[PDB]
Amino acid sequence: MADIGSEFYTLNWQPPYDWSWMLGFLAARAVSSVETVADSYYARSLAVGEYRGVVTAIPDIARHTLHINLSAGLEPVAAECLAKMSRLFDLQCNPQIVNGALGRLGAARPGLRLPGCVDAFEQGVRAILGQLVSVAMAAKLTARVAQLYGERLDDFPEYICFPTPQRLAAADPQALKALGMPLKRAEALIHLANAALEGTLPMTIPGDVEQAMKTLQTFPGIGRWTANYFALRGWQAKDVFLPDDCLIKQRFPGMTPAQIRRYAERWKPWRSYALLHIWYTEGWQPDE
């Protein structure tokens, strides 16, 4: 773990912030050879247009900042790399504004953030591949895919970039199925990879979120759930709620996928942060 570049950068963040949990979360989904997560370490390959390189992020709890290191090939697009790190880490969040608006739901784990992404397509691939399988199973699968269609780095051979919309769209649906997924899933990927090149998949948080999710569910392999959990991680939409998630219903013993949609109305417009708390806050029981 030597420095991978000579340039370093500093990103300020608003306390509190549970880094233990963030990097915890990101390490369980870490795609082997694409990214490496450790104690207070996060590194990963990164493409920014034509430019390729390695980015590492190390939190500094005391000075409340995040230290960033960049491969020499990412220098010219540093500003945009820093925006990806920001979006991946949810740095611009105002915990007080959110946590106040969550009330009791926020009290236990105020350091929770919205784990984002570095790329809207990559997230799209993920949301699908991790659809019906365990968190861990989904990461091995994605490793194998990247292994196949991922481009290696000329300056850092250990790392490969997540496969682009190009070499993914133009992939033998049968080659993908042979990596450990149904055929109808190898096709969702391809239909996505496709939507990417023809600007049919919004690569940034669009104006009308709800409207852009309707449009998504019309894709193959993508339903209400897969399209919500994408808006959350892919666009970092902060006002999204999945009343249909298996774990949430269990938290609302005796309540319909419609009697909670109006319960989680009370957390507008921070419903994504509300959802997370609900998951990772164990002893939380709804106000009956």
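Residue indices: 1-based, along the sequence shown.
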{"query": "Which of 78 to 86 and 198 to 206 has higher mean CA B factor, as the PDB entry lists it", "finding": "198 to 206"}
{"query": "Higher-scoring stretch by recorded Cα B factor average, 64 to 72 or 257 to 265", "finding": "257 to 265"}
{"query": "Most elevated Cα B-factor in the entry, residues 181, 108, 98, 112", "finding": "181"}
{"query": "Deposited CA B-factor, highest of 175, 91, 118, 125", "finding": "175"}
{"query": "Chain-relative CA temperature factor third for residue 238", "finding": "middle"}
{"query": "Entry-reported Cα temperature factor of residue 52, expressed as the chain third it lands in", "finding": "middle"}
{"query": "Residue 42 - which third its CA temperature factor falls in, relative to the rest of the chain", "finding": "lowest"}
{"query": "Assigned third (lowest, middle, highest) for the C-alpha B factor of residue 7", "finding": "lowest"}
{"query": "Chain thirds of CA B-factor: placement of residue 34", "finding": "middle"}
